[PDB]
$ cat run27.cif   # mmCIF, C-alpha atoms; chains and numbers go by the auth columns
data_structure
loop_
_atom_site.group_PDB
_atom_site.id
_atom_site.type_symbol
_atom_site.label_atom_id
_atom_site.label_comp_id
_atom_site.label_asym_id
_atom_site.label_seq_id
_atom_site.Cartn_x
_atom_site.Cartn_y
_atom_site.Cartn_z
_atom_site.B_iso_or_equiv
_atom_site.auth_seq_id
_atom_site.auth_asym_id
ATOM 1 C CA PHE A 1 0.000 0.000 0.000 0.00 1 A
ATOM 2 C CA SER A 2 1.180 3.447 -0.894 0.00 2 A
ATOM 3 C CA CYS A 3 0.207 7.093 -0.711 0.00 3 A
ATOM 4 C CA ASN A 4 1.584 10.367 -2.019 0.00 4 A
ATOM 5 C CA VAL A 5 1.194 14.049 -1.392 0.00 5 A
ATOM 6 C CA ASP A 6 0.575 16.413 -4.279 0.00 6 A
ATOM 7 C CA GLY A 7 1.870 13.805 -6.740 0.00 7 A
ATOM 8 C CA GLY A 8 5.162 13.303 -4.918 0.00 8 A
ATOM 9 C CA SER A 9 7.004 10.120 -4.345 0.00 9 A
ATOM 10 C CA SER A 10 5.332 7.213 -2.777 0.00 10 A
ATOM 11 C CA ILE A 11 5.045 6.751 1.063 0.00 11 A
ATOM 12 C CA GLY A 12 4.648 3.378 2.772 0.00 12 A
ATOM 13 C CA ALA A 13 4.473 4.579 6.429 0.00 13 A
ATOM 14 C CA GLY A 14 5.555 7.523 8.698 0.00 14 A
ATOM 15 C CA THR A 15 4.892 11.221 9.214 0.00 15 A
ATOM 16 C CA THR A 16 4.429 13.586 6.231 0.00 16 A
ATOM 17 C CA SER A 17 3.685 17.292 6.066 0.00 17 A
ATOM 18 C CA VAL A 18 0.667 18.283 3.934 0.00 18 A
ATOM 19 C CA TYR A 19 0.776 21.971 3.115 0.00 19 A
ATOM 20 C CA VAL A 20 -2.651 23.552 2.427 0.00 20 A
ATOM 21 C CA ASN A 21 -3.938 26.955 1.454 0.00 21 A
ATOM 22 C CA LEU A 22 -6.686 28.464 3.471 0.00 22 A
ATOM 23 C CA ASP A 23 -9.142 31.275 2.963 0.00 23 A
ATOM 24 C CA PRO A 24 -7.100 34.211 4.374 0.00 24 A
ATOM 25 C CA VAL A 25 -10.097 36.000 5.893 0.00 25 A
ATOM 26 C CA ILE A 26 -12.902 34.184 7.640 0.00 26 A
ATOM 27 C CA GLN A 27 -16.227 35.472 8.919 0.00 27 A
ATOM 28 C CA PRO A 28 -17.190 34.809 12.559 0.00 28 A
ATOM 29 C CA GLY A 29 -19.677 31.932 12.446 0.00 29 A
ATOM 30 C CA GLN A 30 -18.237 30.253 9.426 0.00 30 A
ATOM 31 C CA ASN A 31 -16.229 27.159 8.603 0.00 31 A
ATOM 32 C CA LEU A 32 -12.877 26.905 7.113 0.00 32 A
ATOM 33 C CA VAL A 33 -12.759 23.895 4.749 0.00 33 A
ATOM 34 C CA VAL A 34 -9.640 21.939 4.063 0.00 34 A
ATOM 35 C CA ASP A 35 -10.061 19.501 1.135 0.00 35 A
ATOM 36 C CA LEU A 36 -7.350 16.863 1.626 0.00 36 A
ATOM 37 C CA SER A 37 -8.683 14.763 -1.244 0.00 37 A
ATOM 38 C CA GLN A 38 -6.870 17.368 -3.497 0.00 38 A
ATOM 39 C CA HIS A 39 -3.556 16.621 -1.625 0.00 39 A
ATOM 40 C CA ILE A 40 -3.336 12.926 -0.672 0.00 40 A
ATOM 41 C CA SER A 41 -3.855 9.914 -2.962 0.00 41 A
ATOM 42 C CA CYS A 42 -3.358 6.270 -2.174 0.00 42 A
ATOM 43 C CA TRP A 43 -3.420 2.942 -4.010 0.00 43 A
ATOM 44 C CA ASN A 44 -2.971 -0.785 -3.687 0.00 44 A
ATOM 45 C CA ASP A 45 0.474 -1.930 -5.003 0.00 45 A
ATOM 46 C CA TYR A 46 -0.633 -5.353 -6.422 0.00 46 A
ATOM 47 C CA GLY A 47 -3.982 -4.201 -7.830 0.00 47 A
ATOM 48 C CA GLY A 48 -7.142 -6.025 -8.831 0.00 48 A
ATOM 49 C CA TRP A 49 -8.428 -6.417 -5.179 0.00 49 A
ATOM 50 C CA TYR A 50 -6.428 -9.584 -4.564 0.00 50 A
ATOM 51 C CA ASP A 51 -5.169 -8.319 -1.200 0.00 51 A
ATOM 52 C CA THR A 52 -7.322 -5.432 -0.312 0.00 52 A
ATOM 53 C CA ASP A 53 -6.090 -2.646 1.984 0.00 53 A
ATOM 54 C CA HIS A 54 -8.256 -1.553 4.973 0.00 54 A
ATOM 55 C CA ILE A 55 -7.656 2.027 5.887 0.00 55 A
ATOM 56 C CA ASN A 56 -9.170 4.047 8.803 0.00 56 A
ATOM 57 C CA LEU A 57 -8.401 7.268 10.677 0.00 57 A
ATOM 58 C CA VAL A 58 -7.445 6.787 14.316 0.00 58 A
ATOM 59 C CA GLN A 59 -8.689 7.903 17.702 0.00 59 A
ATOM 60 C CA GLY A 60 -6.693 10.835 19.022 0.00 60 A
ATOM 61 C CA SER A 61 -6.195 12.606 15.681 0.00 61 A
ATOM 62 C CA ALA A 62 -6.622 16.259 16.629 0.00 62 A
ATOM 63 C CA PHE A 63 -5.936 19.892 16.007 0.00 63 A
ATOM 64 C CA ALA A 64 -2.490 21.118 17.062 0.00 64 A
ATOM 65 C CA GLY A 65 -1.316 24.001 19.204 0.00 65 A
ATOM 66 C CA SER A 66 -3.738 26.863 19.653 0.00 66 A
ATOM 67 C CA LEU A 67 -6.322 25.444 17.223 0.00 67 A
ATOM 68 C CA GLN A 68 -7.298 23.039 20.042 0.00 68 A
ATOM 69 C CA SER A 69 -9.986 25.358 21.365 0.00 69 A
ATOM 70 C CA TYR A 70 -11.795 25.369 17.945 0.00 70 A
ATOM 71 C CA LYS A 71 -14.616 23.094 16.989 0.00 71 A
ATOM 72 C CA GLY A 72 -14.225 20.854 14.068 0.00 72 A
ATOM 73 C CA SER A 73 -15.473 18.023 11.981 0.00 73 A
ATOM 74 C CA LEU A 74 -13.876 15.529 9.802 0.00 74 A
ATOM 75 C CA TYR A 75 -15.527 13.992 6.734 0.00 75 A
ATOM 76 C CA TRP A 76 -14.146 10.516 5.979 0.00 76 A
ATOM 77 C CA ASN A 77 -15.505 8.041 3.399 0.00 77 A
ATOM 78 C CA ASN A 78 -19.180 9.302 3.499 0.00 78 A
ATOM 79 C CA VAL A 79 -19.372 9.916 7.267 0.00 79 A
ATOM 80 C CA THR A 80 -18.899 13.088 9.259 0.00 80 A
ATOM 81 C CA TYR A 81 -17.126 12.753 12.633 0.00 81 A
ATOM 82 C CA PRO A 82 -16.552 15.322 15.379 0.00 82 A
ATOM 83 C CA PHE A 83 -12.931 16.401 15.444 0.00 83 A
ATOM 84 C CA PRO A 84 -10.824 15.728 17.460 0.00 84 A
ATOM 85 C CA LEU A 85 -11.493 12.041 16.890 0.00 85 A
ATOM 86 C CA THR A 86 -12.664 10.258 20.001 0.00 86 A
ATOM 87 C CA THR A 87 -13.144 6.993 18.088 0.00 87 A
ATOM 88 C CA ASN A 88 -11.598 5.383 15.021 0.00 88 A
ATOM 89 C CA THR A 89 -13.519 6.076 11.757 0.00 89 A
ATOM 90 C CA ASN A 90 -15.070 3.608 9.376 0.00 90 A
ATOM 91 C CA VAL A 91 -12.828 1.634 7.081 0.00 91 A
ATOM 92 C CA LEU A 92 -12.094 2.596 3.490 0.00 92 A
ATOM 93 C CA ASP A 93 -11.176 -0.402 1.338 0.00 93 A
ATOM 94 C CA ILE A 94 -8.446 0.111 -1.341 0.00 94 A
ATOM 95 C CA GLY A 95 -7.895 -2.543 -3.971 0.00 95 A
ATOM 96 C CA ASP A 96 -7.052 -0.625 -7.204 0.00 96 A
ATOM 97 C CA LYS A 97 -3.628 0.248 -8.593 0.00 97 A
ATOM 98 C CA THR A 98 -4.934 3.627 -9.792 0.00 98 A
ATOM 99 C CA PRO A 99 -4.169 6.347 -7.182 0.00 99 A
ATOM 100 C CA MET A 100 -7.445 7.346 -5.465 0.00 100 A
ATOM 101 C CA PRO A 101 -7.914 10.743 -3.783 0.00 101 A
ATOM 102 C CA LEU A 102 -8.416 10.231 -0.097 0.00 102 A
ATOM 103 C CA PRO A 103 -12.080 10.989 0.687 0.00 103 A
ATOM 104 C CA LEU A 104 -11.052 13.342 3.444 0.00 104 A
ATOM 105 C CA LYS A 105 -12.088 16.798 4.402 0.00 105 A
ATOM 106 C CA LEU A 106 -11.573 18.857 7.554 0.00 106 A
ATOM 107 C CA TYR A 107 -13.830 21.620 8.747 0.00 107 A
ATOM 108 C CA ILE A 108 -12.615 24.182 11.217 0.00 108 A
ATOM 109 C CA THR A 109 -14.823 26.630 13.060 0.00 109 A
ATOM 110 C CA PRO A 110 -12.551 29.124 14.903 0.00 110 A
ATOM 111 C CA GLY A 111 -6.622 39.179 14.762 0.00 116 A
ATOM 112 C CA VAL A 112 -4.544 36.197 13.559 0.00 117 A
ATOM 113 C CA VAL A 113 -6.278 32.885 13.946 0.00 118 A
ATOM 114 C CA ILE A 114 -4.041 30.570 11.952 0.00 119 A
ATOM 115 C CA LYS A 115 -0.362 31.412 11.430 0.00 120 A
ATOM 116 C CA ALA A 116 1.388 30.723 8.132 0.00 121 A
ATOM 117 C CA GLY A 117 3.562 27.650 8.713 0.00 122 A
ATOM 118 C CA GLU A 118 1.569 26.498 11.804 0.00 123 A
ATOM 119 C CA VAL A 119 0.651 22.786 12.191 0.00 124 A
ATOM 120 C CA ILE A 120 -3.112 22.846 12.080 0.00 125 A
ATOM 121 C CA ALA A 121 -3.872 19.186 12.672 0.00 126 A
ATOM 122 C CA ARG A 122 -2.374 15.747 13.059 0.00 127 A
ATOM 123 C CA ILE A 123 -4.283 13.018 11.420 0.00 128 A
ATOM 124 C CA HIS A 124 -3.278 9.419 12.198 0.00 129 A
ATOM 125 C CA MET A 125 -4.193 6.900 9.464 0.00 130 A
ATOM 126 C CA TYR A 126 -3.991 3.080 9.912 0.00 131 A
ATOM 127 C CA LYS A 127 -3.569 0.478 7.168 0.00 132 A
ATOM 128 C CA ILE A 128 -3.867 -3.282 7.373 0.00 133 A
ATOM 129 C CA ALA A 129 -4.149 -5.703 4.456 0.00 134 A
ATOM 130 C CA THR A 130 -6.411 -8.689 4.081 0.00 135 A
ATOM 131 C CA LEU A 131 -3.972 -11.695 3.731 0.00 136 A
ATOM 132 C CA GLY A 132 -1.891 -13.075 6.626 0.00 137 A
ATOM 133 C CA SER A 133 -0.731 -10.815 9.492 0.00 138 A
ATOM 134 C CA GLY A 134 -1.700 -7.880 7.244 0.00 139 A
ATOM 135 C CA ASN A 135 1.490 -5.885 7.244 0.00 140 A
ATOM 136 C CA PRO A 136 -0.043 -3.067 9.335 0.00 141 A
ATOM 137 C CA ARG A 137 1.349 0.413 8.757 0.00 142 A
ATOM 138 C CA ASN A 138 0.886 3.779 10.506 0.00 143 A
ATOM 139 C CA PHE A 139 0.763 7.098 8.681 0.00 144 A
ATOM 140 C CA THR A 140 0.531 10.575 10.125 0.00 145 A
ATOM 141 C CA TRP A 141 -0.526 13.581 8.011 0.00 146 A
ATOM 142 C CA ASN A 142 0.579 16.807 9.642 0.00 147 A
ATOM 143 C CA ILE A 143 -1.617 19.425 8.017 0.00 148 A
ATOM 144 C CA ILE A 144 0.146 22.793 7.777 0.00 149 A
ATOM 145 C CA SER A 145 -1.075 26.140 6.535 0.00 150 A
ATOM 146 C CA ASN A 146 0.810 28.015 3.886 0.00 151 A
ATOM 147 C CA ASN A 147 -0.740 31.304 4.916 0.00 152 A
ATOM 148 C CA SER A 148 -2.280 33.304 7.793 0.00 153 A
ATOM 149 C CA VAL A 149 -6.024 33.321 8.502 0.00 154 A
ATOM 150 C CA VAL A 150 -7.443 36.497 10.024 0.00 155 A
ATOM 151 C CA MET A 151 -10.875 37.551 11.427 0.00 156 A
ATOM 152 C CA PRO A 152 -12.001 41.003 10.192 0.00 157 A
#

$ encode --input "run27.cif" --output "structure tokens"
Amino acid sequence: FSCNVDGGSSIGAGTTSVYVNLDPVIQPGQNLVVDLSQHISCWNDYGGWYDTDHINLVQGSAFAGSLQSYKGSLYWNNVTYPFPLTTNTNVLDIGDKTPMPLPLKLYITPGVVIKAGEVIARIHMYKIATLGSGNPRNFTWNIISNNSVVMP
């Protein structure tokens, strides 16, 4: 099983930065939307569903730093969860060789409110395969803003 970030080289496990661009001014009341499906893609290395990969997001995935007082949600594979995650999410099954956008979005309801270069969130993803022990792997996606977000 493999993933990549913005069409970069493939990743089999570990921590990777995912740099995102946010709306630089946000109204009070309103969500910021981070669409990670436009950043992360993943695929099965053998293909054809012979040894399908089971992927879920893991309990404890959370905002970082001063974003921890903000409410949030996380959309994963057709289900909306409260963020930070207090449970694991449903499982997404990956069997195709064609890189698939991760069905993953993050909603954030907050002067400067996000700093350029600030870790916004730490999303732990788990993979296990179907055959044998399953060759379980852990991924962490550190989401980081390219730019400041301000309230007017």

$ residues_around --input "run27.cif" --residues "stretch 83-100 of chain A" --least-positions-apart "2" --cutoff "10 Å" --atoms "all atoms listed in the file" --output "PDB file with C-alpha atoms, in the frame of the given file"
ATOM      1  CA  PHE A   1       0.000   0.000   0.000  1.00  0.00           C
ATOM      2  CA  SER A   2       1.180   3.447  -0.894  1.00  0.00           C
ATOM      3  CA  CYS A   3       0.207   7.093  -0.711  1.00  0.00           C
ATOM      4  CA  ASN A   4       1.584  10.367  -2.019  1.00  0.00           C
ATOM      5  CA  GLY A   7       1.870  13.805  -6.740  1.00  0.00           C
ATOM      6  CA  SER A  37      -8.683  14.763  -1.244  1.00  0.00           C
ATOM      7  CA  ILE A  40      -3.336  12.926  -0.672  1.00  0.00           C
ATOM      8  CA  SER A  41      -3.855   9.914  -2.962  1.00  0.00           C
ATOM      9  CA  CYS A  42      -3.358   6.270  -2.174  1.00  0.00           C
ATOM     10  CA  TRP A  43      -3.420   2.942  -4.010  1.00  0.00           C
ATOM     11  CA  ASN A  44      -2.971  -0.785  -3.687  1.00  0.00           C
ATOM     12  CA  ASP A  45       0.474  -1.930  -5.003  1.00  0.00           C
ATOM     13  CA  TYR A  46      -0.633  -5.353  -6.422  1.00  0.00           C
ATOM     14  CA  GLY A  47      -3.982  -4.201  -7.830  1.00  0.00           C
ATOM     15  CA  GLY A  48      -7.142  -6.025  -8.831  1.00  0.00           C
ATOM     16  CA  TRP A  49      -8.428  -6.417  -5.179  1.00  0.00           C
ATOM     17  CA  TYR A  50      -6.428  -9.584  -4.564  1.00  0.00           C
ATOM     18  CA  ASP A  51      -5.169  -8.319  -1.200  1.00  0.00           C
ATOM     19  CA  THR A  52      -7.322  -5.432  -0.312  1.00  0.00           C
ATOM     20  CA  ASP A  53      -6.090  -2.646   1.984  1.00  0.00           C
ATOM     21  CA  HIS A  54      -8.256  -1.553   4.973  1.00  0.00           C
ATOM     22  CA  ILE A  55      -7.656   2.027   5.887  1.00  0.00           C
ATOM     23  CA  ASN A  56      -9.170   4.047   8.803  1.00  0.00           C
ATOM     24  CA  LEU A  57      -8.401   7.268  10.677  1.00  0.00           C
ATOM     25  CA  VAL A  58      -7.445   6.787  14.316  1.00  0.00           C
ATOM     26  CA  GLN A  59      -8.689   7.903  17.702  1.00  0.00           C
ATOM     27  CA  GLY A  60      -6.693  10.835  19.022  1.00  0.00           C
ATOM     28  CA  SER A  61      -6.195  12.606  15.681  1.00  0.00           C
ATOM     29  CA  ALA A  62      -6.622  16.259  16.629  1.00  0.00           C
ATOM     30  CA  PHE A  63      -5.936  19.892  16.007  1.00  0.00           C
ATOM     31  CA  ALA A  64      -2.490  21.118  17.062  1.00  0.00           C
ATOM     32  CA  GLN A  68      -7.298  23.039  20.042  1.00  0.00           C
ATOM     33  CA  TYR A  70     -11.795  25.369  17.945  1.00  0.00           C
ATOM     34  CA  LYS A  71     -14.616  23.094  16.989  1.00  0.00           C
ATOM     35  CA  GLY A  72     -14.225  20.854  14.068  1.00  0.00           C
ATOM     36  CA  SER A  73     -15.473  18.023  11.981  1.00  0.00           C
ATOM     37  CA  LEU A  74     -13.876  15.529   9.802  1.00  0.00           C
ATOM     38  CA  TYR A  75     -15.527  13.992   6.734  1.00  0.00           C
ATOM     39  CA  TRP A  76     -14.146  10.516   5.979  1.00  0.00           C
ATOM     40  CA  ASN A  77     -15.505   8.041   3.399  1.00  0.00           C
ATOM     41  CA  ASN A  78     -19.180   9.302   3.499  1.00  0.00           C
ATOM     42  CA  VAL A  79     -19.372   9.916   7.267  1.00  0.00           C
ATOM     43  CA  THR A  80     -18.899  13.088   9.259  1.00  0.00           C
ATOM     44  CA  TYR A  81     -17.126  12.753  12.633  1.00  0.00           C
ATOM     45  CA  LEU A 102      -8.416  10.231  -0.097  1.00  0.00           C
ATOM     46  CA  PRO A 103     -12.080  10.989   0.687  1.00  0.00           C
ATOM     47  CA  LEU A 106     -11.573  18.857   7.554  1.00  0.00           C
ATOM     48  CA  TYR A 107     -13.830  21.620   8.747  1.00  0.00           C
ATOM     49  CA  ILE A 108     -12.615  24.182  11.217  1.00  0.00           C
ATOM     50  CA  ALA A 126      -3.872  19.186  12.672  1.00  0.00           C
ATOM     51  CA  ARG A 127      -2.374  15.747  13.059  1.00  0.00           C
ATOM     52  CA  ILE A 128      -4.283  13.018  11.420  1.00  0.00           C
ATOM     53  CA  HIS A 129      -3.278   9.419  12.198  1.00  0.00           C
ATOM     54  CA  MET A 130      -4.193   6.900   9.464  1.00  0.00           C
ATOM     55  CA  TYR A 131      -3.991   3.080   9.912  1.00  0.00           C
ATOM     56  CA  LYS A 132      -3.569   0.478   7.168  1.00  0.00           C
ATOM     57  CA  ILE A 133      -3.867  -3.282   7.373  1.00  0.00           C
ATOM     58  CA  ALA A 134      -4.149  -5.703   4.456  1.00  0.00           C
ATOM     59  CA  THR A 135      -6.411  -8.689   4.081  1.00  0.00           C
TER      60      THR A 135
END

$ atom_distance --input "run27.cif" --atom1 "atom CA of residue A:69" --atom2 "atom CA of residue A:144"
24.7 Å

$ closest_residue --input "run27.cif" --among "A:67, A:136, A:155, A:20" --to "residue A:34" --atoms "all atoms listed in the file"
A:20

$ resolve_selection --input "run27.cif" --expression "the PyMOL selection byres ((chain A and resi 122) around 7)" --output "VMD selection string"
chain A and resid 120 to 121 123 to 124 149 to 152

$ resolve_selection --input "run27.cif" --expression "the PyMOL selection byres ((chain A and resi 30) around 12)" --output "CSV table (one decimal) with C-alpha atoms, keeping the file's coordinate frame"
chain,number,residue,atom,x,y,z
A,23,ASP,CA,-9.1,31.3,3.0
A,25,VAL,CA,-10.1,36.0,5.9
A,26,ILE,CA,-12.9,34.2,7.6
A,27,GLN,CA,-16.2,35.5,8.9
A,28,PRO,CA,-17.2,34.8,12.6
A,29,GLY,CA,-19.7,31.9,12.4
A,31,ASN,CA,-16.2,27.2,8.6
A,32,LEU,CA,-12.9,26.9,7.1
A,33,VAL,CA,-12.8,23.9,4.7
A,70,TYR,CA,-11.8,25.4,17.9
A,71,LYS,CA,-14.6,23.1,17.0
A,72,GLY,CA,-14.2,20.9,14.1
A,107,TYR,CA,-13.8,21.6,8.7
A,108,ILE,CA,-12.6,24.2,11.2
A,109,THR,CA,-14.8,26.6,13.1
A,110,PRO,CA,-12.6,29.1,14.9
A,156,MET,CA,-10.9,37.6,11.4

$ atom_distance --input "run27.cif" --atom1 "atom CA of residue A:22" --atom2 "atom CA of residue A:8"
21.0 Å

$ closest_residue --input "run27.cif" --among "A:65, A:12, A:35, A:157" --to "residue A:140" --atoms "only C-alpha atoms"
A:12

$ axis_aligned_box --input "run27.cif" --around "stretch 110-118 of chain A" --padding-each-side "3 Å" --output "JSON"
{"center_x": -8.5, "center_y": 34.2, "center_z": 14.2, "size_x": 14.0, "size_y": 16.1, "size_z": 7.3}

$ residues_around --input "run27.cif" --residues "residue A:38" --least-positions-apart "6" --cutoff "9 Å" --atoms "only C-alpha atoms" --output "MDAnalysis selection string"
chainID A and resid 5:6 101:102

$ write_last_selection --input "run27.cif" --atoms "C-alpha atoms" --output "short mmCIF file (atom, residue, chain, number, x, y, z; two decimals), keeping the file's coordinate frame"
data_model
loop_
_atom_site.label_atom_id
_atom_site.label_comp_id
_atom_site.auth_asym_id
_atom_site.auth_seq_id
_atom_site.Cartn_x
_atom_site.Cartn_y
_atom_site.Cartn_z
CA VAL A 5 1.19 14.05 -1.39
CA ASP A 6 0.57 16.41 -4.28
CA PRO A 101 -7.91 10.74 -3.78
CA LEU A 102 -8.42 10.23 -0.10
#

$ build_atoms --input "run27.cif" --residues "stretch 118-140 of chain A" --atoms "N, CA, C and O atoms" --output "CSV table (one decimal), in the frame of the given file"
chain,number,residue,atom,x,y,z
A,118,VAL,N,-5.6,34.1,13.5
A,118,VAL,CA,-6.3,32.9,13.9
A,118,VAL,C,-5.6,31.6,13.5
A,118,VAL,O,-5.8,30.6,14.2
A,119,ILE,N,-5.0,31.6,12.3
A,119,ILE,CA,-4.0,30.6,12.0
A,119,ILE,C,-2.8,31.3,11.5
A,119,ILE,O,-2.9,32.2,10.7
A,120,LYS,N,-1.6,30.8,11.9
A,120,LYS,CA,-0.4,31.4,11.4
A,120,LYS,C,0.1,30.6,10.2
A,120,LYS,O,0.0,29.4,10.1
A,121,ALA,N,0.6,31.3,9.2
A,121,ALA,CA,1.4,30.7,8.1
A,121,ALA,C,2.5,29.8,8.7
A,121,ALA,O,3.2,30.3,9.6
A,122,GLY,N,2.6,28.6,8.3
A,122,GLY,CA,3.6,27.6,8.7
A,122,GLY,C,3.2,26.9,10.0
A,122,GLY,O,4.0,26.0,10.3
A,123,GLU,N,2.0,27.2,10.6
A,123,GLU,CA,1.6,26.5,11.8
A,123,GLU,C,0.9,25.1,11.5
A,123,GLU,O,0.2,25.0,10.5
A,124,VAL,N,1.3,24.1,12.3
A,124,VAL,CA,0.7,22.8,12.2
A,124,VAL,C,-0.7,23.1,12.6
A,124,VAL,O,-0.9,23.6,13.7
A,125,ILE,N,-1.7,22.7,11.8
A,125,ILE,CA,-3.1,22.8,12.1
A,125,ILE,C,-3.7,21.6,12.7
A,125,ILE,O,-4.6,21.7,13.5
A,126,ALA,N,-3.2,20.4,12.3
A,126,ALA,CA,-3.9,19.2,12.7
A,126,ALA,C,-3.0,18.0,12.4
A,126,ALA,O,-2.1,18.1,11.5
A,127,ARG,N,-3.2,16.9,13.1
A,127,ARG,CA,-2.4,15.7,13.1
A,127,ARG,C,-3.3,14.6,12.9
A,127,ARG,O,-4.0,14.3,13.8
A,128,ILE,N,-3.3,14.0,11.7
A,128,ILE,CA,-4.3,13.0,11.4
A,128,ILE,C,-3.6,11.7,11.3
A,128,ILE,O,-2.8,11.6,10.4
A,129,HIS,N,-3.9,10.7,12.2
A,129,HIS,CA,-3.3,9.4,12.2
A,129,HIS,C,-4.1,8.5,11.3
A,129,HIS,O,-5.4,8.3,11.6
A,130,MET,N,-3.5,7.8,10.3
A,130,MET,CA,-4.2,6.9,9.5
A,130,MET,C,-3.6,5.5,9.7
A,130,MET,O,-2.3,5.3,9.8
A,131,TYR,N,-4.4,4.4,9.8
A,131,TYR,CA,-4.0,3.1,9.9
A,131,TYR,C,-4.3,2.2,8.7
A,131,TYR,O,-5.5,2.3,8.2
A,132,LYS,N,-3.4,1.4,8.2
A,132,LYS,CA,-3.6,0.5,7.2
A,132,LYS,C,-3.3,-0.9,7.6
A,132,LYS,O,-2.3,-1.2,8.3
A,133,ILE,N,-4.1,-1.9,7.2
A,133,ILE,CA,-3.9,-3.3,7.4
A,133,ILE,C,-4.5,-4.0,6.2
A,133,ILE,O,-5.5,-3.6,5.7
A,134,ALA,N,-3.8,-5.0,5.7
A,134,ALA,CA,-4.1,-5.7,4.5
A,134,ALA,C,-5.0,-6.9,4.9
A,134,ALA,O,-5.2,-7.1,6.0
A,135,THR,N,-5.5,-7.6,3.9
A,135,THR,CA,-6.4,-8.7,4.1
A,135,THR,C,-5.6,-10.0,4.4
A,135,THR,O,-6.0,-10.7,5.3
A,136,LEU,N,-4.6,-10.3,3.6
A,136,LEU,CA,-4.0,-11.7,3.7
A,136,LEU,C,-2.9,-11.8,4.8
A,136,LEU,O,-2.2,-10.8,5.1
A,137,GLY,N,-2.8,-12.9,5.6
A,137,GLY,CA,-1.9,-13.1,6.6
A,137,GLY,C,-2.0,-12.1,7.8
A,137,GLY,O,-3.2,-11.8,8.3
A,138,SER,N,-0.9,-11.8,8.4
A,138,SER,CA,-0.7,-10.8,9.5
A,138,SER,C,-1.3,-9.4,9.1
A,138,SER,O,-1.7,-8.6,9.9
A,139,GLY,N,-1.2,-9.1,7.8
A,139,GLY,CA,-1.7,-7.9,7.2
A,139,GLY,C,-0.8,-6.7,7.0
A,139,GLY,O,-1.1,-5.7,6.5
A,140,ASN,N,0.5,-6.9,7.5
A,140,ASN,CA,1.5,-5.9,7.2
A,140,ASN,C,1.0,-4.5,7.6
A,140,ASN,O,1.0,-3.5,6.8
